[PDB]
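To keep things clear, I will list the structure first and then write my remarks on it.
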Amino acid sequence: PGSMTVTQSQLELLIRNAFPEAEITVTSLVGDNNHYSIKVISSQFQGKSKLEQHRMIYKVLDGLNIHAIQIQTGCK
């Protein structure tokens, strides 16, 4: 209920369609001042070390030099 029209819909949809087994969790800091992160919970990233995951983030977000916390992966 509530927001039938979801914000960050392209983010949710993109990862959901790119990885069907990926759970897109929106990481919202409690307070409208900071930017909100996207948390990718996917078994495709599981077993991979942080370094591998970081590289994979660089793969998917290759359009930008990711040196800032925007996308958080399931680090195990």
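Quick note on naming: the chains in the structure tokens go A, B, ... in the order shown, residues restart at 1 in each chain, and ligands are numbered from 1 in order of appearance.
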Surrounding residues of stretch 20-23 of chain A excluding itself and chain neighbours under 5 positions, 12 Å, only C-alpha atoms, as a PyMOL selection string: chain A and resi 11-15+38-46+72-74
Backbone DSSP call of helix (DSSP H, G or I) for chain A, listed as number ranges by chain: A: 9-18, 43-45, 50-60
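Going from atom CA of residue A:35 over to atom CA of residue A:61, you cover 17.1 Å.
Atom CA of residue A:37 is positioned 16.0 Å from atom CA of residue A:16.
Backbone DSSP of chain A yields strand (DSSP E or B) at residues 22, 23, 24, 25, 26, 27, 37, 38, 39, 40, 41, 42, 71, 72 and 73 of chain A.
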Taking N, CA, C and O atoms for each residue, export the selection above as a compact mmCIF listing (two decimals), in the first residue's frame.
# COMPACT_ATOMS: atom_id res chain seq x y z
N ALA A 22 18.02 -11.30 -8.25
CA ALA A 22 18.52 -10.20 -7.43
C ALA A 22 17.37 -9.51 -6.70
O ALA A 22 16.35 -9.17 -7.31
N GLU A 23 17.55 -9.30 -5.41
CA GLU A 23 16.59 -8.56 -4.61
C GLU A 23 17.06 -7.12 -4.45
O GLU A 23 18.10 -6.85 -3.85
N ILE A 24 16.30 -6.20 -5.01
CA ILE A 24 16.64 -4.79 -4.94
C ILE A 24 16.05 -4.18 -3.67
O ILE A 24 14.84 -4.06 -3.52
N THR A 25 16.92 -3.81 -2.74
CA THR A 25 16.50 -3.15 -1.53
C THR A 25 16.96 -1.70 -1.55
O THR A 25 18.15 -1.43 -1.72
N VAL A 26 16.04 -0.76 -1.40
CA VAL A 26 16.40 0.64 -1.35
C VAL A 26 16.84 1.02 0.06
O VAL A 26 16.10 0.86 1.03
N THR A 27 18.07 1.50 0.18
CA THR A 27 18.62 1.86 1.47
C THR A 27 18.38 3.34 1.73
O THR A 27 19.05 4.20 1.16
N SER A 37 20.92 4.93 -0.80
CA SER A 37 21.73 3.92 -1.45
C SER A 37 20.86 2.80 -2.01
O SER A 37 19.68 2.69 -1.67
N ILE A 38 21.44 1.99 -2.87
CA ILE A 38 20.74 0.83 -3.39
C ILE A 38 21.48 -0.44 -2.99
O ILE A 38 22.69 -0.56 -3.19
N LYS A 39 20.75 -1.36 -2.38
CA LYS A 39 21.34 -2.57 -1.85
C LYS A 39 20.94 -3.77 -2.70
O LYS A 39 19.75 -4.10 -2.81
N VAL A 40 21.92 -4.41 -3.31
CA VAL A 40 21.67 -5.52 -4.21
C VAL A 40 21.92 -6.85 -3.51
O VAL A 40 23.06 -7.24 -3.27
N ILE A 41 20.84 -7.53 -3.16
CA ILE A 41 20.93 -8.83 -2.52
C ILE A 41 20.74 -9.92 -3.57
O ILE A 41 19.62 -10.26 -3.93
N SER A 42 21.85 -10.44 -4.08
CA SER A 42 21.79 -11.44 -5.13
C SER A 42 22.84 -12.53 -4.91
O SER A 42 24.00 -12.24 -4.61
N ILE A 71 26.03 2.18 -4.27
CA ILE A 71 25.55 0.82 -4.43
C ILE A 71 26.22 -0.11 -3.43
O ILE A 71 27.44 -0.20 -3.38
N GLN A 72 25.41 -0.76 -2.61
CA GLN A 72 25.91 -1.71 -1.64
C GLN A 72 25.48 -3.12 -2.02
O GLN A 72 24.30 -3.39 -2.23
N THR A 73 26.45 -4.00 -2.12
CA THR A 73 26.18 -5.37 -2.51
C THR A 73 26.16 -6.27 -1.27
O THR A 73 26.63 -5.88 -0.20
Atom CA of residue A:65 to atom CA of residue A:52, straight-line distance in Å: 15.9 Å
Selected residue of minimal separation from residue A:54 among A:29, A:4, A:18, A:75, counting only C-alpha atoms: A:75
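Between residue A:28 and the residues A:58, A:67, A:8, A:47, the shortest atom-to-atom distance, using only C-alpha atoms, involves A:8.
Shortest atom-to-atom contact with residue A:49 among A:6, A:31, A:68, A:76: A:76, counting only C-alpha atoms.
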